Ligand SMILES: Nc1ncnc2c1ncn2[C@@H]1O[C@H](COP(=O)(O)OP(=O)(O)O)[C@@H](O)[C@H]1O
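Only one chain is included here, represented as structure tokens and corresponding to the form deposited without the named molecule.
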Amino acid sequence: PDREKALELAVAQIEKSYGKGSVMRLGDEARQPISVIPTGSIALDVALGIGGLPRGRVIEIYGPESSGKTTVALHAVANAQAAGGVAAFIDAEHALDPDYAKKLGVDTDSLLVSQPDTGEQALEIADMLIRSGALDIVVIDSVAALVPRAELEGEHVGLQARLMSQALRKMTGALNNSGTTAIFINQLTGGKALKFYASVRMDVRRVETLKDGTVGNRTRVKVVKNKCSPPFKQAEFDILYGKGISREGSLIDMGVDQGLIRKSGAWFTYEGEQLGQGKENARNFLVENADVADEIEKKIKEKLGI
């Protein structure tokens, strides 16, 4: 009886002295913000709790080469722009494919891009850009490529981590004020600081190759760190070569997950209407009928926080 008070009281001190998400029960309902940046998959948006990536915060998306992290990052960029936001892409990797970015939603013409000479220049440019107040999102591709000036100039080893720590310390205050989201893409170094500064960390992986005959990959994302909603939630969704995340595919999956879409036979049905026989026909139905996809989306968001 008097214990529940003491705990609630303790949770409150922790909340006051360290911040809103400093302690959570894993069954807690998410703290719904005004605006977020959707990720392209409703499943991933739900796994994040707040319906997308938070604003004004450091975000890490990591995984193996071609795991899908950059695609997740580019959808964040597409969605941020679709809401009238400006985007930046700090590129020390030189891997970006704008044609891919166009197809999945990015306004590449509008995309600010910078190919910095050094690790510090990359982070400093990001900082100037953030402190402007004008950006909604900045992507850093990538953490590993942020090589320090001294290394590049040929002039001990360990200051790459000290560079990030110094940068993140200064950057984090700028992000909160501006409301800009910073996505750091990272591989499986210098991320030891990023691990603690990031409000969300996402572990992206290829789980299974999709197929017509012999197209894409089923992708799995675990939210290993989340200061905005209970962490350790995971999601799956499809990334189709040349197209990106199958938005419609995630609506079906979360559709059946939520009982809004019934899978009577190979047929997926919705509201008495039939969507298609098998997944691909249902997926295809929802892209041709954007109105019903929005209907299904609205219902899924309604039935949860999002």
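In this text, the rigid core denotes the largest set of C-alpha atoms whose superposition between the two forms falls within 1.5 Å. The numbering used is simple: start at 1 and walk along the sequence shown. Shifts are known only where both forms have a C-alpha.
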Query - Between residue 83 and residue 84 - deposited residues without coordinates, as a size class - result: none
**Report entry** Size class of the missing deposited segment between residue 155 and residue 156
**Finding:** 4 to 9
Requested in this report: Determine, for stretches 159 to 167 and 112 to 120, which one has the higher mean CA B-factor as deposited.
Outcome: 159 to 167
Query raised in the report: Quick one: higher average CA temperature factor, 265 to 273 or 33 to 41?
Result: 265 to 273
Requested in this report: Have a look at 230, 148, 98, 213 and flag the one whose Cα has the highest B-factor in the entry.
Outcome: 213
**Report entry** Which of 189, 199, 71, 219 ranks first by CA B-factor in the deposited coordinates
**Finding:** 189
Query raised in the report: Compared with the other modelled residues in the chain, in which third is the CA B-factor of residue 27?
Result: middle
Requested in this report: Would you mind checking where the Cα B-factor of residue 52 ranks among the modelled residues of its chain, as the lowest, middle or highest third?
Outcome: lowest
Report summary line: Entry-reported C-alpha B-factor of residue 60 relative to its chain, by third, is lowest
Query raised in the report: With respect to C-alpha B-factor, does residue 209 fall in the lowest, middle or highest third of the chain as deposited?
Result: highest
Query - Where the record places residue 46 (Cα B-factor, split into thirds across the chain) - result: lowest
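If you look for the form solved in complex with the named molecule, you will not find it shown, but the lines that follow are about it.
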Query raised in the report: Which one of 199, 108, 217, 178 is close to the named molecule in the deposited complex, taking close to mean a heavy atom within 4.5 Å?
Result: 217
Query raised in the report: Of the options 132, 166, 114, 187, which one has a non-hydrogen atom that comes within 4.5 Å of the named molecule in the deposited complex?
Result: 187
Query raised in the report: Residues in which of 253 to 261, 268 to 276, 42 to 50, 66 to 74 have heavy atoms within 4.5 Å of the named molecule in the deposited complex?
Result: 66 to 74
Query raised in the report: Can residue 170 be called a contact residue for the named molecule in the deposited complex at 4.5 Å between heavy atoms?
Result: no
Query raised in the report: Does at least one non-hydrogen atom of residue 27 fall within 4.5 angstroms of the named molecule in the deposited complex?
Result: no
Query - Contact label in the deposited complex: residue 102 to the named molecule, heavy atom within 4.5 Å - result: no
**Report entry** Partner proximity in the deposited complex: residue 206 to the named molecule, non-hydrogen atom cutoff 4.5 Å
**Finding:** yes
Query raised in the report: Superposed on the rigid core, which segments of at least three residues move by 2 angstroms or more at the Cα between the shown form and the other one?
Result: 212 to 214
